[PDB]
């Protein structure tokens, strides 16, 4: 993995965003780990989070014209990501927010849009944003997320793959489950957690 990906994992662990134990997902599936972006709850957390989103976005090389934050959780994520693109990459991006869970604010909604999210569990929320995007003449180019859990969704493919197929876009993640596994292999002291996650990948992974 790239340096910034290792740094993001260490950041998420240090802020208790990424935790191991016995968690029940929205699916009802039981997971040995959980990524809770709600716990990025200070201004330094927001600053670093935006910088990691922006680095993932620049590293991907995907072309986009506008950064879209859908209410409610997308608005702060898009805000700090837009700030980080300007401050750390000298990129001045139009943004648009939907004050709707359309009431649009920000720049004219036009062009290739990058939607920001944290963790994808279903495609429904993305379709609502896609319809507002398309209703204003723009196009959904990609979805930017923190973590791709790389596990089956409702059908045979992963939730991220369902989004890419259904809405004909690219998904860009800061990290994936594969990266989390590679991180844990570097750390002798959490060998036990590494075994629990690898066990989880074999049963539910894609």
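Positions refer to the first chain, counted from 1.
Is it the case that, in at least a third of the other entries compared (those modelling both flanking residues), residue 114 has no coordinates?
Residue 114: modelled in all of the comparison entries.
Would you say residue 124 goes unmodelled in a third or more of the other compared entries?
Comparison shows residue 124 dropped in at least a third of the other entries.
So residue 101 and residue 102 are neighbours in the shown sequence, but is anything from the deposited sequence left out between them? Give the count as none, 1 to 3, 4 to 9, or 10 or more.
Unmodelled stretch: 4 to 9 residues.
For the stretches 4-12 and 196-204, which has the higher mean C-alpha B-factor as given in the deposited record?
Taking the mean B-factor of the alpha carbons in each, 196-204 is higher.
Mean C-alpha B-factor higher for 40-48, or for 135-143?
Comparing 40-48 with 135-143, the higher average CA B-factor belongs to 135-143.
Which one of 161, 168, 60, 27 shows the biggest C-alpha B-factor in the PDB entry?
It is 27.
Given 81, 129, 107, 121, identify the residue with the highest C-alpha B factor in the PDB entry.
Reading the PDB entry, the winner on C-alpha B-factor is 121.
Among the modelled residues of this chain, does the Cα B factor of residue 125 put it in the lowest, middle or highest third?
Highest third of the chain for residue 125's C-alpha B-factor.
Chain-wide C-alpha B factor ranking for residue 174, given as lowest, middle or highest third:
CA B-factor rank for residue 174: lowest third.
Hey, what third does residue 148 fall into on Cα B-factor, ranked over its chain?
Middle third, going by the recorded CA B-factors of the chain.
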